[PDB]
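In the authors' numbering, the protein residues as written are 1 to 921. Below: one structure, written as structure tokens.
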Ligand SMILES: CC[C@H](C)[C@H](N)C(=O)NS(=O)(=O)NC[C@H]1O[C@@H](n2cnc3c(N)ncnc32)[C@H](O)[C@@H]1O
Ligand SMILES: CC[C@H](C)[C@H](N)C(=O)NS(=O)(=O)NC[C@H]1O[C@@H](n2cnc3c(N)ncnc32)[C@H](O)[C@@H]1O
Ligand SMILES: [Cl-]
Ligand SMILES: [Cl-]
Ligand SMILES: [Cl-]
Ligand SMILES: [Cl-]
Ligand SMILES: [Li+]
Ligand code: NA
Ligand code: NA
Ligand code: NA
Ligand SMILES: [Zn+2]
């Protein structure tokens, strides 16, 4: 009214309190209406392509915080490359087959796969799949992820299944596919084989056994009174024993007497004495391990022949130098068993129950038969000691129940035949973090052959036929026919036709003169479905190319997608399907614990999406070291939300006091700018260069703090703080405020473009309040390009010292605020006693120091009288009262108030501004 003369923040069109949860959905509505993904893709249609191939998440259910972190990090890279001279097509995907879907339906929906036909259960899996891919798609959109959502890929599509058969066929033609009876992981709960990617390790309690094997034929080395000692944590494997293993040359065993003579490795005498609790024991003689070859022993229960074998797998670290060898339940046992032609015995069926191969324990679950086995061992007297240990044990990745080794006929990919090319691909790939290279390298050099056959329904069947010779039929014509047949009708055609209707129209094989063929029923590993994505997506789709330039998935994918995709591509191409890998850790609670509902620490993405919003989560992703494990909690997100509050206030302030400025022609030249403004221009360009470099190096934590530092202290507390009382009081065409707001315009234009990859809900919201809008959204322009500023280094040194000195002056003002006598900064007059260095810097100031320090008046003298006021290390300061008339407009205490007859209550500055008009008003 009479006290105020406007000159406030006009543009409140950007609200202060951020109600993103109710505003962001409307923001996404306009993005979908304009089809912004197609716009940026069309704009960069001729630019070089940077492909970030999306790892297909499972459709097991709704998204968790880990899903969001994956997509948000992908969105950061794609958005930056879209507006940095690259074409960045991003198509989502979904891994649809496998146990993650069957187990979800079986447990949650209480359906029984054995109460319905295979076709019916597969149809139910297909229904639940599309339900989840639709639900996950909308949840990703709410987060604010840009991509080809209307045209994604799923693993159940016939085109994908057709190409996956081609991938399998190409490897088979190379000779990398074979079938054999080998021990592999078995899940009795799922009644199927498994691989390491389908295995989770948990601590499990197992019974430790020290058992004795009697000697029948010592071959002139041992008498019948000696007995071998065996340590085993798997009692159920005893009925399958066919031999005993000992190290031939490196380890020499001895005979120990504790009332009876036992055979044990020499280096384990003390360790075996404390376990069996021997009282008095004496060594008889020493025998080299190789001398014990072909010694015949007896089974403690069945008294069958057990052949002592030589192998390098037996170690001193075990409980005894002799190891029970069961070729049907162990990798190393199978290898040595085949070396000596030992029988392969697997008395355990697919459901984990003992079969007729174990006479005294038939029908028992393997874990439930451990106690009866020990009881029979103790009845025979061969049991020495029984104990219990807890150790990490493999478990099914879906049923969470333990797995066992079973020797069964399975399909394998011969990794050993091209392991060298796999190692070369890892060495030629760029890994971020760096340890990822050694992570996958060692996983390959120590990997065995990959079991790819699964005894389940929901998946892609293995395209192998069998003739009357029972010879597997794999050839390019059969592979081509089934691939085209799958492309038309899908994988369902395999489960609804006999073999002769799935073959070429006139195919005949030598092994079956009658033309009577049969088909395979096992399906492929779900990791093979995802590992064929590069051939079916990067190669088949025209919008993408192979190899992709980056893979971005979690740390668990080194066993999974990173490994399987490399295996299929190097088998076919010989080269890696990716030029680089970016790895992110897992999401944890505030105390570094797994987010499980059991702990009650789950941070639901939808929970944060509605309580806080999307850009808050986007900042949180950029606020953490994703490359390692990340910890999240509601309190942490509130801190991130508070940071967004400071960012939002700075943007509102920048938009507000910039309203009365049109930079179309009111642009102040760089030479005409204030040296104070020129320093901010240098700082802005340094910020642009650092942010763009950080995007290239993928260091988002640097961007998060750099922007936070640039706004909280550098701009809002130092530069905008001065402009809070200078911009609007002066004339609206004054070169001072016009030049300052050219800097504000440059910051607003550049910062809005910089933040666009990380935050877009607020970036486009600010982009609306831009005087010069040549593109509909901020995502349609490129990132700002750094521009050199003349005399930058000299001004950086000068004004960084000036910033330091101002902070000390503010500290002196805050000391006066502690006194609260003046209780004001602008009204206070200053008498300064600077150091020669400080005095030289003040002399170099060509601007008004009074307005910079937001003080009424400043005088400089070498009084050198400290009194009791203050003295900074570079200047002595006195905060004095001016005692003049206070202006009613600028609030500056100035003696000039009253000199103007028309405005006796205004100073000369305010009186001149009020009286004079530039051209109008
Ligand atoms: C199937 C029953 C559960 C696993 C039960 N918690 C249980 O067995 N708990 S335990 O503490 O006995 N676990 C010991 C492990 O060793 C086996 N075991 C237990 N008692 C004996 C025994 N007397 N002789 C041989 N093996 C035995 C169990 O199968 C379990 O894996
Ligand atoms: C590339 C994806 C694989 C082929 C597989 N479908 C898969 O892992 N599917 S998933 O849906 O379970 N996971 C997809 C991505 O999410 C990561 N992830 C899973 N759980 C978490 C977690 N708790 N914290 C952080 N990231 C996590 C996976 O590593 C993968 O990148
Ligand atoms: Cl089941
Ligand atoms: Cl063992
Ligand atoms: Cl048929
Ligand atoms: Cl058939
Ligand atoms: Li707070
Ligand atoms: Na049913
Ligand atoms: Na079969
Ligand atoms: Na089957
Ligand atoms: Zn005034």
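Positions of the beta carbon are idealized from the N, C-alpha and C atoms, including for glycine.
Reference residue i, options the options, closest by Cα
| i | options | result |
| --- | --- | --- |
| residue 663 | 644, 71, 740 | 740 |
| residue 513 | 42, 335, 468 | 468 |
| residue 484 | 166, 452, 374 | 166 |
| residue 669 | 705, 738, 309, 821 | 738 |
| residue 845 | 701, 168, 677 | 677 |
| residue 646 | 657, 403, 715 | 715 |
| residue 107 | 363, 540, 125, 223 | 125 |
| residue 179 | 250, 275, 471, 363 | 471 |
| residue 813 | 792, 81, 871 | 871 |
| residue 541 | 151, 109, 123 | 151 |
| residue 510 | 466, 880, 532, 659 | 466 |
| residue 776 | 479, 27, 3 | 27 |
| residue 146 | 51, 96, 38 | 38 |
| residue 127 | 149, 66, 156, 148 | 156 |
| residue 658 | 706, 705, 335, 724 | 724 |
| residue 630 | 290, 592, 640 | 592 |
| residue 386 | 379, 394, 380, 374 | 374 |
| residue 74 | 261, 229, 621, 372 | 621 |
| residue 46 | 270, 506, 543, 441 | 543 |
| residue 1 | 897, 907, 888, 894 | 888 |
| residue 58 | 23, 103, 88 | 103 |
| residue 31 | 764, 847, 919, 359 | 764 |
Cut-off 8 Å between Cβ atoms - residues of its own chain near residue i, not counting five sequence neighbours on either side
| i | result |
| --- | --- |
| residue 388 | 205, 206, 207, 208 |
| residue 610 | 21 |
| residue 769 | 11, 13, 14, 655 |
| residue 392 | 201, 202, 203, 204 |
| residue 710 | 683, 687 |
Anticipated Cβ contact below 8 Å, residue i with residue j, distance rounded
| i | j | result |
| --- | --- | --- |
| residue 173 | residue 296 | At roughly 47 Å, the Cβ-Cβ gap does not stay under 8 Å, so residue 173 and residue 296 are not in contact. |
| residue 18 | residue 648 | 5 Å |
| residue 191 | residue 455 | 6 Å |
| residue 877 | residue 830 | 7 Å |
| residue 245 | residue 344 | Going by Cβ atoms, the distance from residue 245 to residue 344 rounds to 15 Å, so no, they are not a contact pair. |
| residue 892 | residue 826 | 6 Å |
| residue 522 | residue 462 | 6 Å |
| residue 40 | residue 780 | 7 Å |
| residue 752 | residue 767 | 6 Å |
| residue 54 | residue 92 | 5 Å |
| residue 188 | residue 328 | The pair is not a contact, with the Cβ atoms about 15 Å apart (cut-off 8 Å). |
| residue 199 | residue 395 | 7 Å |
| residue 633 | residue 590 | 3 Å |
| residue 48 | residue 76 | That pair is no contact at about 19 Å. |
| residue 88 | residue 50 | 5 Å |
| residue 570 | residue 421 | 5 Å |
Contact set for residue i: own chain, Cβ-Cβ below 7 Å, skip 5 residues either direction
| i | result |
| --- | --- |
| residue 803 | 718 |
| residue 615 | 20, 644, 759, 761, 762 |
| residue 273 | 281 |
| residue 163 | 532, 535, 536, 540 |
| residue 105 | 111, 124, 125, 128 |
Own chain residues within Cβ distance below 6 Å of residue i, not counting five before or after
| i | result |
| --- | --- |
| residue 84 | 783 |
| residue 693 | none |
Inset, instruction - List in chain order the residues whose CB is within less than 5 Å of at least one heavy atom of ligand 2. - result: 55, 57, 58, 66, 70, 95, 530, 553, 554, 556, 561, 586, 587
Inset, instruction - Pull every residue with its beta-carbon under 6 Å away from any heavy atom of ligand 11, and keep them in chain order. - result: 887, 889, 890, 892, 906, 907, 909, 910
Inset, instruction - Let me have the residue list for ligand 9: C-beta closer than 7 Å to any non-hydrogen atom, ordered along the chain. - result: 520, 521, 522
Legend entry - Length at least 4, wholly inside the stretch 93-122: the alpha helix (DSSP H) runs in chain order: 99-108
Inset, instruction - With a floor of 3 residues, list each beta strand (DSSP E) that falls wholly inside the stretch 417-458, ordered by position along the chain. - result: 430-432
Legend entry - Sequence-ordered residues whose beta carbon comes within less than 6 Å of a heavy atom of ligand 5: 497, 498, 501
Inset, instruction - Mind listing which residues have their beta carbon within less than 6 Å of any non-hydrogen atom of ligand 4? Chain order is fine. - result: 232, 233, 234
Inset, instruction - Please go through the stretch 632-671 and give each complete alpha helix (DSSP H) segment of 4 or more residues, from N-terminal end onward. - result: 634-656
Legend entry - Heavy atoms of ligand 8 versus C-beta positions, residues under 7 Å: 111, 112, 115, 116
Inset, instruction - Go through the stretch 132-205 residue by residue and report every complete run of the beta strand (DSSP E) that reaches 3 residues or more, in order. - result: 177-187
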